[PDB]
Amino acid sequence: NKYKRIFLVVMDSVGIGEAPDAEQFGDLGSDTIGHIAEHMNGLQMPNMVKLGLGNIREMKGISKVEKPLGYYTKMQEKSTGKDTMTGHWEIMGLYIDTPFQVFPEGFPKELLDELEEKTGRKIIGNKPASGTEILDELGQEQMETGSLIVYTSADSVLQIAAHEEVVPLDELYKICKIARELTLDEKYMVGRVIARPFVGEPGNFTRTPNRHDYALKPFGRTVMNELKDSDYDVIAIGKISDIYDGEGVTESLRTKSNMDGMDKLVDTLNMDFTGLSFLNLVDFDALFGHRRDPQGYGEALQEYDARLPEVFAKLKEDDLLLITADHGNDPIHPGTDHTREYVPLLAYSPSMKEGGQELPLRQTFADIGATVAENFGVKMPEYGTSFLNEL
């Protein structure tokens, strides 16, 4: 193996400017890092700069350097959708024709009608909402009527809330499995069905730890599957395991924040493994992009950058570090949805003694999977062109 360990970091939703097909998605003008850099009056990201972020594209506070630490370029998304599953599935060697849907106006009547017909229960709510808002609004009616609170977020999810003392857990889970079958339909294609059980009384409702998720498996066997099948380590950090429904994962580390995510990356740097360490830093997307909060997003980016020098210090000669994103989510953009953007790509190993150079633009996110697969000598994915030999 050219590299004994590869650390792949997805900075979730950290896009680097509208893609060539951005207009199809109503994403003209979108620019995640660039708009944040403008809002911050110059983003402070000196370590990403040293890696060559500005060499990809110069933005306010983010300048090109003469001798970047590693190689740099950006990636274009080939799959139809701009959702998380699509992006991560593509990263790991797939092509996804059928996009996952989001529901800012609630779910179609046809879907809810069939869910009622199959469960024998009424559905109330049907809108984007946080767990707190929806329970305070409809938790009491739920208790009194035995109906299901169906809701969504800004992402591709269908959430079903029911009081544990009115609707038994096992019944909620069966109901969610029914919902999961019905949403395997391109008209209503949801990334994840989530059981949201809760307890308490009006004005004092709390969601319980008895949450269960029903995800779809990736539409094909991934590079992670092949690594795992060839006895390599695949260490998933944060929401990575969930995103792939555990496929190809040998170990999973749960995280609570971006800083916690970097702590777990550091933990894996301290592990004697051979294979892939795969982190998702989700806060950018969940807390800032979807909430159209450029200030929070800017701060989170700076907090993330400040953690990087410790990572640089722990990388060995036969380690490779990959930093990318899975789509854009421009916090100065209409609506609550993601943005169709190029993603940055930085590829760094301390073995790169004279620094890096520009890579050709990656025409699919699967170039990452392909590079990973070639490095470890496993079956190459159907999609993607490895840049391993360029490094």
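Residue numbers here begin at 1 and follow the sequence given.
Undergrad: So 239 to 247 or 164 to 172, which one's hotter by mean CA B-factor in the entry?
TA: The stretch with the larger mean CA B-factor is 164 to 172.
Undergrad: Mean C-alpha B-factor higher for 111 to 119, or for 279 to 287?
TA: Looking at the recorded C-alpha B-factors, 111 to 119 comes out higher on average.
Undergrad: Whose CA atom has the top B-factor in the entry, of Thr86, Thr183, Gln140, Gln302?
TA: Among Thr86, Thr183, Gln140, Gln302, the highest C-alpha B-factor in the entry belongs to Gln140.
Undergrad: Quick one: which of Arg221, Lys228, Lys82, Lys187 shows the highest Cα temperature factor in the PDB entry?
TA: Reading the PDB entry, the winner on C-alpha B-factor is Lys187.
Undergrad: Which third of the chain does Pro20 land in by C-alpha B-factor: lowest, middle or highest?
TA: Within its chain, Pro20 is a highest-third residue by C-alpha B-factor, going by the deposited values.
Undergrad: Taking the C-alpha B-factors as the PDB entry records them, is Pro99 in the lowest, middle or highest third of its chain?
TA: As the PDB entry reports it, the C-alpha B-factor of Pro99 lands in the middle third of its chain.
Undergrad: What third of the chain does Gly131 rank in for C-alpha temperature factor, lowest, middle or highest?
TA: According to the entry, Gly131 has a C-alpha B-factor in the chain's highest third.
Undergrad: Taking the C-alpha B-factors as the PDB entry records them, is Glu341 in the lowest, middle or highest third of its chain?
TA: Its C-alpha B-factor, which the entry lists for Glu341, ranks in the lowest third among residues of this chain.
Undergrad: For the chain shown, is the CA B-factor of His39 in the lowest, middle or highest third of its modelled residues?
TA: Ranked within chain, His39 CA B lands in the middle tercile.
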